[PDB]
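The figures that follow rest on heavy atoms only: side chains count, while hydrogens, waters and symmetry mates do not. We name chains A, B, ... by the order of the sequence lines, and we start the count at 1 in each one.
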Amino acid sequence: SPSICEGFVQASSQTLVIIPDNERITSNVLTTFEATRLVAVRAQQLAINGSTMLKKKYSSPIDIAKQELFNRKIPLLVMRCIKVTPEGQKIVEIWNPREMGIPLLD
Amino acid sequence: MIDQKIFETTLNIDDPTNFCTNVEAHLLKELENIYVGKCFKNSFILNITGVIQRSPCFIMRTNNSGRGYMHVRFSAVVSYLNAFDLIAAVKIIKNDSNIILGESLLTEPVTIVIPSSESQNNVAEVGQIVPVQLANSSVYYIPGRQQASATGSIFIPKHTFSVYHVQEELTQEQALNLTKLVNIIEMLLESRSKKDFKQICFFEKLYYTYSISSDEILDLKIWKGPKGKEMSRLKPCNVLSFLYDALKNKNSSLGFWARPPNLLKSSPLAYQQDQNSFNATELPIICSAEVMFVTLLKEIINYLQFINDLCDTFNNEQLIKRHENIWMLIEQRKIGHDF
Amino acid sequence: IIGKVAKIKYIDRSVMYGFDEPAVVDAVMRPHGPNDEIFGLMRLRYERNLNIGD
Amino acid sequence: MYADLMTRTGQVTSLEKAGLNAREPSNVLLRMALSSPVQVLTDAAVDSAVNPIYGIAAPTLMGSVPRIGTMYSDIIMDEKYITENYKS
Amino acid sequence: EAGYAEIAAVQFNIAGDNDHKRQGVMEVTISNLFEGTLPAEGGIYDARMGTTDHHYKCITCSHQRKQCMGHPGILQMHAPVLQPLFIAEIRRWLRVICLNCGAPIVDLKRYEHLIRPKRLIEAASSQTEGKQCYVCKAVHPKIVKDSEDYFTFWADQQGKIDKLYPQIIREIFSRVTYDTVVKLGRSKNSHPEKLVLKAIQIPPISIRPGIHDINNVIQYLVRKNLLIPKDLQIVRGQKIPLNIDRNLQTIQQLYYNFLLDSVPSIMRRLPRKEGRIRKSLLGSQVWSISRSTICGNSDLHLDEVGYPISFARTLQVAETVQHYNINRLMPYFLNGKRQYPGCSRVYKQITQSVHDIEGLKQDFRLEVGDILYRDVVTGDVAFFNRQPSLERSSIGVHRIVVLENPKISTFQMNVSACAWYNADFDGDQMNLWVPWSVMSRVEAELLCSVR
Amino acid sequence: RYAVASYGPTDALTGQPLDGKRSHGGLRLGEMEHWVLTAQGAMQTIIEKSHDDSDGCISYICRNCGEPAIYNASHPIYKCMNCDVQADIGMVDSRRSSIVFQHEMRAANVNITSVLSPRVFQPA
Amino acid sequence: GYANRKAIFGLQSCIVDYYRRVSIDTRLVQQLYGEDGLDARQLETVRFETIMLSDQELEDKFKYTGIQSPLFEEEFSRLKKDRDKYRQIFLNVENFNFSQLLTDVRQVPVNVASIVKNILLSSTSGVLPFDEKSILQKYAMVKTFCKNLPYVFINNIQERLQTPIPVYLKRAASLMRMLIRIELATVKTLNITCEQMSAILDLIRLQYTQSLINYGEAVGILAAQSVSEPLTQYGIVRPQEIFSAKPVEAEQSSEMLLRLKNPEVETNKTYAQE
Ligand SMILES: [Mg+2]
Ligand SMILES: [Zn+2]
Ligand SMILES: [Zn+2]
């Protein structure tokens, strides 16, 4: 008799629960996927802005981003989502790539 | 009326590195640029009070733009009009055969389209300022617009009044809630007191249901009521005093209440009876005291706002004479003392 | 290469040369079709040496 | 990978349309992409199926990208590092 | 003003009349297609439902063809129709409820122990004809499906044969309470009363451009709808003239073939390898790609591919102008399209417009934030693909070496790289596309290199 | 031999390039090529080819009903045909052949409801 | 090609978690990918040289008699225990297979034999003089390295705090603990110095980290590709029996392999024919 939209309830908003630093279970080494995504995001955002702390001068966003990662200057964080509780929580681990092991990206 | 609201939204960030240099300031600026002065979720936003809750700046994931986004929960000052509300100023711009078009001045931006009837297209003309009476759930806040679309009718004070039956006491915490409305009446009173005597007197005599032989209606300091031949054997009861006493639990709120057209709509006075003796054309409504109190304070606030707004609109006598047609149009709907 | 205008003032139903390498017009004829209607008949020719990838 | 997928339910399921229905019944979009969309779609509408978006085929049929590979982990901006090192 | 979002779930449901009436943006009334250049308002080409022409905007959203996705319209039917997809659901709903009062005739507390999506099916499976109702005391007739078509039902009452018109079926189903629906297996949104339609949906024009043959079927269906009387009412056992019986069948047969004709149909677009799902959704047609024959070159490294110069001036790489790359991008801009390596287009961020490099102003300059589309040079990365793509080395990333001899048209590689693609040099062809985006270029080099 | 660039003739229905060299369109990255790119984890390349170079579009959805909405920045429209005062519209990245697929599911009287991802908030 | 598409659709939802498990959206398919959590591009084939020895050959080769201390009796007992556990497990595997013979050759993330010798050649020292304190320190570092090995599956934060390890992650380090105790026995590490052995251990842990499977990898697609390729050189009725899960009555080449009741009557062919 009614429309489907009437009985539809939008998903309730969630809370971000951050696992404390001494309870983190995942690895302190970046995966090749995570390092690749970090460099790609940083390179596009340098194609937008251009401001960096990397002292040496390069003519490409990709070179700047790669050297920022290797020299531990990249201004990004990695969020690893562990679980979504059905009381409306999002339990995550935040990892700092400036303090992590970096894979071999020849 | 003006109150608070809590909104949730997602903001696209086109330059995350710059945005994250000062998150709070940039966030407030962008919220103000998007939402100030517009309709959103059945309301109209006036100011951004503050940001209650926010998320980190996530990088967009489904495209290669490198752009950010943020979830924001912010508190805003909004102005939601009630059904059958009463506005004091409007300039009719468009006066055609189909519709009558105007805009409000002294409150928030609202556009009122009066259905053009055969008795109204001949009276209201462009340039005039009239009081308007709103209707039920007609104030639709279309999101993304700068005004509230609403239909209204020319305000002529009514000759009828409603009686509600109260059978339950007013408890202390409902009074604690109603303290805000009491305080709003108080600040309206202290604002009205600064205004000129002659303006408020002329407007009160105009918008009183009946007519009096001058200088017998108003006691701004004491609020003693109309000194008309002692029409009722019971003195009008001040609502504010009754609430202040029922704070300490000294009087009972049970029985029949009413506000007759002779009773001054602005003043906090009202009538209470243990029996139904009111000459009301409509059946009394059986209910609890909380709704009686909320409705009566809303009515008092609306009428104080209307009288303040009438005085604030017409700061000169020249404009009053320029709009006097509306004045005698109201005057001919007054009821004389032939009773 | 073949111009064609169709009365509706006009819409241009012409023909382009959509190929990567240039050709040379070898023969142009205007014979009569099965319905005795005039239709254009173009022959293009190419100079082909043996080249890398053949 | 084959053995553990075919036995994860405590029974032996196939690598055909029947086994896909036994292991992932609520994934209407994945099962439509395999064998017979109209029959799968008709059953989904009658049961009022709720289909969460995960894996490969369900995000693709919805016009999106799978949350996989370089897209598995979220990236957020380091506010405490930018505000201390960068300038407006 | 619209924030970024992602879809987390999809819910499937049966659409009723109210859904169609609420979603629709217009109501189709007339059968006229075109009044002039513009479509005939009120017809099945009305521009309130989108635009498939590049001259007028959509009335609803005020977008051009590319940004308008289309909006549906409503046709109010003169006589109700059955839903073509859920005929079996209709059939199996008639055998479990009373034709006169709507209470169920089966034992509700006999199937509650099974899982919900099977108990209604099992209940209908059990024989019920000849049973008698318990609240109104009516005998449940035999329900017999015709063999001559796909939608009609006959009610056989001990030799009394009735044809169940959709008005009758809707009236029957409207008497069923929500308790029966909930406890008989289905959910609240699967009420049987939505299985009879009095207002159908007209799909947006974006799904039927080419003003296709699905447009003919709609136009017939609209025309023959007007022949039915505006207030024809049918009762159980009521005699109707044979023209109306022929008319009503024609409309229902048209609506059935509009959706399930030999599964032009809406639903025949979905299934096969050339269908919507496997061709349009699971695969793609892409721009900025090249194809050629492969040949050997022993002076190339294993992670290099030789690229013809003509292909390198056709495919481009997009470079955003900043302070750190302005001097390096200036030589490309000056060469234009007349010397190699050059460029083809510039996107100006102050105007949001793309200009060709030859047909370009003389007072033009490269500003920070403009995007230059330059040629492919030595050292660019490229995806190299050979089909069929059976393993994950079937696509690899090579460093481009541009072959500047204008007489060469082949993709060249080292012979020791052929093991990645299972290829040789007797006439094989491989695909090659060059990433132009910064994000796609980073992950080509760090993730997908052939090492 | 064949090579094409970022523009050319397009299909009228799906929005994708036409088929191959004969029609001056694009070349096909089929089902088997998407399996290979997903096995590699190259997801930013799938965006560039199947969205930026094929038929990517932007879809507008209402939070409250899950139904497609109408959004237009220039000549501003912000509307939902189902709620119309509670319209909370979010922009999702889609592609045109997927939206055509969902209209075809609705034409056969199947209602599609899109549940958007919930908003997330850092505590206090 | 037809069998490839049905394998791909049945397996494509399997993806590596943040625990290195394999799940379909939440539902576990494997507790650890490949039961060892490794990438197949990062394996080397290595020989375990204790499996085939007898207890007198093992007594001679791997038991150290240089220093008379109980710690060198404990070291040799583990070499025996690892040998017997290996024998027991892979002898059993032979029993539920038709013809799957035991081997002493395994695929491992790290080749420890090659790491040690490449350091013996590139050292500035020769045959070190005897120092029992040096040999006692080298024993303790190898013992502590094996005890902390499963933390390669968690991180260095939990290794510092010495939190408990799940049992399924203790099992995952079994082959590498076994190989490290063989190739780093005292009889083999006599000329390696203490600051050299620290270099060896820091290299083994680095290479072990580099061979683990990445979070978010589509390992079900990788499996479908890798198994449909050998089917080309074979799509006959038997594969379709396995992958369709057909019942017993529909089998066309069903077999069995029965053993005789006694290992003293197996040797007579005439008895078996009876
Ligand atoms: Mg060949
Ligand atoms: Zn449109
Ligand atoms: Zn909505």
Residue by residue, scan [range] and write down, ordered by number, those that have a heavy-atom distance under 4.5 Å to chain D; if none do, write 'none'.
| range | answer |
| --- | --- |
| residues 51-61 of chain B | B:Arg54, B:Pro56, B:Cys57, B:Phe58, B:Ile59, B:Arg61 |
| residues 284-297 of chain B | none |
| residues 15-24 of chain B | B:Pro16, B:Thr17, B:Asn18, B:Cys20, B:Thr21, B:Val23 |

*Who in residues 64-87 of chain D is close to chain B, using a strict under-4.5 Å heavy-atom cut-off?*
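Listed by number: D:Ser64, D:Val65, D:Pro66, D:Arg67, D:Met71, D:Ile75, D:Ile76, D:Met77, D:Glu79, D:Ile82, D:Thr83, D:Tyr86, D:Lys87.
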Tell me, yes or no, whether the heavy-atom count around [X] atom [atom1], taken from other residues, nucleotides or ligands under 6.0 Å, exceeds 12.
| X | atom1 | answer |
| --- | --- | --- |
| B:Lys298 | NZ | no |
| B:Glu173 | CD | yes |
| B:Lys195 | NZ | yes |
| B:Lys38 | NZ | no |

